[PDB]
Amino acid sequence: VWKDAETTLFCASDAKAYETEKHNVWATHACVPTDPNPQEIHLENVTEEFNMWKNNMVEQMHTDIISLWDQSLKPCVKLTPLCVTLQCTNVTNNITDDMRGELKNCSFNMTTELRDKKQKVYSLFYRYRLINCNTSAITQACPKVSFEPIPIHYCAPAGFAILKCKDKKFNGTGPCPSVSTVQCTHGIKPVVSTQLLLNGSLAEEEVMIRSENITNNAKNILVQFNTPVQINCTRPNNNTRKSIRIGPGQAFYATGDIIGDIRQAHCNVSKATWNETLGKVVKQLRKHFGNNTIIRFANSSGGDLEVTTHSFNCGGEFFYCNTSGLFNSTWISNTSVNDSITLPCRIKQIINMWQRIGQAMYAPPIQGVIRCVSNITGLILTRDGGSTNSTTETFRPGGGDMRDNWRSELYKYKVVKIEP
Amino acid sequence: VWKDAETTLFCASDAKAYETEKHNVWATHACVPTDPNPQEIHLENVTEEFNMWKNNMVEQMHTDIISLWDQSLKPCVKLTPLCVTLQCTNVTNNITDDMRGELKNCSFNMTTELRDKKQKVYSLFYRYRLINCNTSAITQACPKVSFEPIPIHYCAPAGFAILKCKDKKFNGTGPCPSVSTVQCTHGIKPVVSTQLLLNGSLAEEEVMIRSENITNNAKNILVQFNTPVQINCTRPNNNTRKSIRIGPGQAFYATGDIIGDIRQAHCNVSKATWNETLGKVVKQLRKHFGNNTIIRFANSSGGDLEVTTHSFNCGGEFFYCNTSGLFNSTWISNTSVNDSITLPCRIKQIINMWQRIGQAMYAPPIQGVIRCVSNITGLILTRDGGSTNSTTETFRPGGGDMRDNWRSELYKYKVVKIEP
Amino acid sequence: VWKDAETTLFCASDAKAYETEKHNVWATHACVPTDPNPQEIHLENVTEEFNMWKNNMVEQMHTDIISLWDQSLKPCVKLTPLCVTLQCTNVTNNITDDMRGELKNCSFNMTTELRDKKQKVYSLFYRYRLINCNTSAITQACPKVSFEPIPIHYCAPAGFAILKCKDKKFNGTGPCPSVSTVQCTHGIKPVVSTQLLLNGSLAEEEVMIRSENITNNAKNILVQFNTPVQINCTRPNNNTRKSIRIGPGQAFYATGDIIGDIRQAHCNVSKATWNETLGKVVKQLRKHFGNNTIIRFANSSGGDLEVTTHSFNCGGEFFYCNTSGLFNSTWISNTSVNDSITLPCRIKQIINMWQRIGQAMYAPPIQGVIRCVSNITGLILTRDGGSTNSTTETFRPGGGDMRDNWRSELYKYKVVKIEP
Amino acid sequence: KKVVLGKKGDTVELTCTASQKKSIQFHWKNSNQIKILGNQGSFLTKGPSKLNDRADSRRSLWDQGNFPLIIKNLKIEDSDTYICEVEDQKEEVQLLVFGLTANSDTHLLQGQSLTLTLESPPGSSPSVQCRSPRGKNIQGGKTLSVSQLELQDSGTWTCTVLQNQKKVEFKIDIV
Amino acid sequence: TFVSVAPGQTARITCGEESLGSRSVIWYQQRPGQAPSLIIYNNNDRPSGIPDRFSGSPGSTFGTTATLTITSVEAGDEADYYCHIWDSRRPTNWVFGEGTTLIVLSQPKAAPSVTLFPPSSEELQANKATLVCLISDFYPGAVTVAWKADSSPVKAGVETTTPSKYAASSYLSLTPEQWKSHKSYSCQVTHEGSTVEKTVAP
Amino acid sequence: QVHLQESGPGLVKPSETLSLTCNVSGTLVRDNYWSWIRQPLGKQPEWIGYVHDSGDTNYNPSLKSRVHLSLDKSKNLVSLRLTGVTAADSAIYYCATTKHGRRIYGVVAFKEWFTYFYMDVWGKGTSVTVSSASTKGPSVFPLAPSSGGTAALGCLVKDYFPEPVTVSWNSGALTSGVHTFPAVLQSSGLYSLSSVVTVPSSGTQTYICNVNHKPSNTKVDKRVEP
């Protein structure tokens, strides 16, 4: 007897990591070390039926990680008071292209100690007077933290197992020949991104495309790669940390010192991989639903900055990248058809977590010149509903609900229970 | 073996209701659906001894519901800051009877956004300058809530039962012939009122009077009816909802728009039922402790507004009704002796829950013209200690501890445990 | 089979005490009454090996009591706002010795009710204008509390025991002949002090000296006495309680009324006991590690006020005593060599609990003339590393980590588990 | 089978409500089923359509249960049938928008003729009932025009257009 | 210009203007009688077939000149070398930098044979006159030739070959009366630190 | 292997148009940038321009009004035309395969980003001489022996155009002792050269130089005597 769907997930993690960094603090507080036994061991026959996209385990891992995020919001992060009005100016003393600025170095009036005293203070805002924040601002900061995803294992309790499709070619709703039962997963890293999977897991054999409803264009298409497309992101923006402890209740930072005039924040994607991978993707598409069609990739359709750009994080700052460079190639149905692609990005401090309960700020980006090298492990796509007279199919970057990213990770785990 | 008194109560509830409304939110969070099995099944003989008024289950349901009320107090309800001073005026430009007003439309100075800005704002106070609140104010409000009692079932755990006296005529301390054992109750509604039971449960046969000590006048007398006396309460006061979200931490409302000049807040009790019921009550009284006596009913003896009036709720506002109309009849011992009774009521926003940890405000009464039809299911009485030379007995409305209302509801449930 | 080290401690306590007092509130909330069975009963033979100083039970009781202290910090204690600037003056209108003052009666400006009104208010500071507090101030106060250590028993759970060395002469790392197993301890009192144990437990036979490393001078030396040295502490400082409840959120006190001109805060130690005890201590020392040496006792080496003085509490105020009177005797190696010792002490309100998360204030010392009689049950010592040419050994008062005080109390308890 | 009328230029709102009081995924499409607007959990995603520039939805109501669909700067070319994909259900709603255009001069002469042509979507059967500034009823069909006019009718005008038992009114100033 | 070096030693060649902006310098190697061939691109990157003996100076420190270094030089490296400079503050250069000839001194010390012929009687009968200075059997292939009229340097009429595989020629064109006028004319050949002179007279 | 072979007329008159072709194998012309480069005798290379099928094409400004570059995809070749030629245009001309690179920095240094080109495969080159002479025959004079027991002896070949001239001694029966120097191109635009032999001073053998200038159909035999 195998009964499914039980919100019960054990956890596993730790080696050299402890506290400080918020991910490290979290894994430390919610996980115990693992053991290198796990045997799984598939048993002969025992079914061919499965369906990864109706897994409530995903929704569990999701709501868990978010609640944990609030549990991090509790101690140090400041929901108040200082965002009122900003006396900002610009470093532009001569100009072309009407650049204005995303980053501004500003002056302020700040409650320090005692009653109603102020001192002149530097403030930076990522996006002249006023302007403030809109109806919420939690400021994370904190003395000892950081933000890098840490491997988190999900395990089944006592009297429970987890079946696992080891079939390389799964239709997602369908015929699976090899079922095994593991007690604990290998350890999943919590990468929060859209459009591409960064870090994550690779396909064992070939590139695999997966959709909950290949006809319904509103449903996402998790495209998993057998190979990584490079992406190196260098944001050489510089900020010097100054945390003025002037008052007991108050804990203020001061960023925006020095210089270096770094261009925005910068990134790259490396293309050779992107050439073969995109060709092979249109190959898979044309060997699945797309039989004879020219495949075109336009950029994001529009929306919130988190939706229009590849919004991901390089250690707690929220990067937004113009994504035209990833989606600007028309793939000819007839046949297939040192330079690197350089993508324009921006660092944000003010992000909107949760629902609207509050905004989250990583206030003092420490140091400067911080490059994050990543492996493009993925694509999350939504199809542009087209016609058949166009003799072409258009595909756009979609996403937003990270639960889709977990289905893209938790695709081979379904918690089950055993009965005599 | 039957051992009693265990603070362990399972719960049951839900059909079409979900969240939003606070009662709905509560039942949703603290209850699971039920099953329409319950068989109870009385067993032949097995005792005649019982005592409803020494049940700690009542004290449990009570403390539970109150703690739950605080659990509702947590997220949205605002204990601070704005109650300081009020710049109020009156809509009376010509006058009789020196009415002043219970309701006032007022002007204010309000922190909106940023640092130390204000805007002119409407404010209503239910009860000229100043005045404020006394040493606490929690303001409930909230975007999605309401307040209507929801059926809550109390069940016994594993290895436990609940004996239930199905005897129609119980002396309350006494001889009960039919004991049954149910797993879960039929579902009790949390009606918070004094003097009358509204909604609640009816007596199966005749009217039943119940007292913990019929001699001790300090002990309450739960008078349960076999029939409901009508009570229709129309408060046609109008308020237009305006929730100005000016600042992140601040969430302010604005009531007191429009007009209609509604008389206070109004109510009615329907009398024919009240005639027969009161006659029959003096009948029961004269067939119990009152053998030969003229029975008189004076109004409330005095105290807090919650004690002097029939303080109940029509959806979260606290109604106070002049109760002379209910208690103004002298019942002659000799023999017995379309018009409806109309009762004057008032809506309050500022109530005192708990102990004095804080006041609770339902700040934006939404819409206007809201009529609540209710069934008078009850009387809670306290006797006025009289003499025997008066050749009359006087009875006054008492109450206050809602636990008495639960004994008036939890009268047929006593959690018990089984042993071999 | 006996396996050790399990963070699982049952608790026991209560007789006549309830709530109010914080210790009473704590024992009430974390303990259940006990039973006067416990039989322990040593079993013949069954080992001679033990080591009291590597007990994680101590670290458990410690972290527990501290976390409990924060749990007391939660409801009433005020981390904010009023400490800004103080307008203080002195009662000295003529002077000798440049006394200044530790205690000052001061004037203030205080938010009472409404918005931005103040009233002239008395304030006392234990240690002229300004000065305030440094970067944190929690103010305990509260309507109903107090602070007197309450007996707390530590018990082993189910399937667990606690071995107990009843050997009068234990080397601390070593040979123990009599092991017994109790379910629950006799009840340990939480006395927070340094240098001396106050209340606490006495040695059954002779005076026993105990050290984790008798060679390492950095390791503490818990000197346990078979007899108590008296210490009577009379602080006849007077303060009249005035708690002005002016505003809802605000709860302010007012101390510093009346007079009496009490000298600081005063104390005594009674010496005859101190004579024999110190002689016997140098006796034990010379019969252990000190064979032929003149033993000298200098005062505290320096540091924080909690380290330089015998920092202990007389009911929630933190006393600091000049300790030269305890350590000012040179003990001649040759042979041994009504008046009472009077020690100068000071009462503090501002103490630093925890780590630096915040300072704790007992704000309204109530009444005046409060004498605490105590039994000197102890010494915590650190050795001054000397030479052998000096032909003398110097010993200084050390301490600070209260866990040492618990090892000094939890010395005969080690939680163990049983297996077939 | 829902009918919602709309004025040209003015903003309009299309509703979509679910049984669950949470916030599950929903998507809006036209009669040809082309993406207009949708959501990815807590994000608003716009589709490749003509409404893309003038379409949005209040994110506040999402977590409550219902998901709206507003269309600003309304035009007649936007008249179409829409659907909503929530809880595996298809809430269909037909949007029929109309407009009014005055061909005759804004400053008419003494005793002339008023010409008014209404903008109608391809394949429609409109019905208009106009009214004078004071008291006179005007009826018609495809085009409504009054031949005989007087100086007394100088002022505000009121014309009502009815379709599928739903009616909307227009106001124009004629001097 | 010219740079000479012994086998096994290190040669360095400077080319182009001092840097102004950021640089990408391209180096090409051209063997005698061959098309130019490359050496380096992107300041220090090499194409297929080029060993790491060849290195270029970074496009780096402002106000400096690009340099090509060749370590462990062999006779095969003897060639003309050219750079093509890309500088972010300068226009596209459409002309390569001036070339440098690398000489690898595998062999020393052979001294030239010089022979000097007066004008022939037949040429004189044709009212022309040419002095012929033949230079041969010398290595390395660097000589300069100068002519003298009596003691005076000749400013005109001298034509001299670039030597090849070495041999070289110098011709002084004169009129018959110029020839007959002076006491003598001299051919002076300068080779490897020394100068050999021969003289001729009517 | 990518292989380029240039061809052209070898000789062009002043004011005429020079037309050159670069035949390409081992790659298709559409898939590369192509650069013409020129290099005069004794000078550094002088480029010409680069062309691409995309239209990403540019010419040396100094040659701008006179130069045209083209690609012929059907024949897989690259072409150059240069109008109004003069002697200054005399050079060896090369066709090349031109690769593109970018210097890319941080965005703070965006103004300093730039592209550069390098020529990675060159053809063997084609020689182009522009001058004005139809033909000119040489004048041949004997260089008489006069003076190790050995004397030198020669023939002067004066003022001819164009190259080349062949000189032999005794019809070929004297190749030892023989040194025929490379010609000098004089400021007159004419060439001259000399040939010498070294012989024992003692009246046996007869010494005759045979000079042939094919372009002018000139052959001269000149006896050389003391």
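Letters A, B, C, D, E and F mark the chains as written, and numbering starts fresh at 1 in each.
The criterion applied here is as follows: contacts are C-beta pairs under 8 Å (C-beta built on N, C-alpha and C of every residue); 3 or more make two chains touch, one makes a residue touch a chain.
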Pair exhibiting more inter-chain C-beta contacts, A-F or A-D: A-D
Chain C and chain E, separation of their C-alpha mean positions in angstrom: 97
Centroid distance [mean C-alpha coordinates] between chain E and chain B, Å: 115
Rounded Å distance between chain B and chain D, as computed from the means of their C-alpha atoms: 49
Cα-centroid distance, chain C relative to chain F, in whole angstrom: 105
All pairs of touching chains, each written as two labels joined by a dash: A-B, A-C, A-D, A-F, B-C, B-D, E-F
Chain D residues touching chain B - in the complex, by the definition given at the top: 20-21, 64
Of all residues in chain B, those that touch chain A in their complex: 113-115, 245, 247-249
Contacting residues of chain A [partner chain D, same complex]: 217-218, 298, 301-304, 306-307, 352, 354-356, 382, 384-385, 394, 396, 398-404
Complex contact set, residues of chain F against chain E: 37, 39, 42, 44-47, 58, 60-62, 92, 94, 99, 101, 103, 105, 109, 111-114, 116, 118-120, 122-125, 139, 141-144, 146, 152, 154, 156, 158, 179, 181-182, 184, 186-187, 192, 194, 196
Residues of chain D touching chain A in the complex: 23, 25, 27, 29, 33-35, 38-48, 52, 59-60, 63, 85
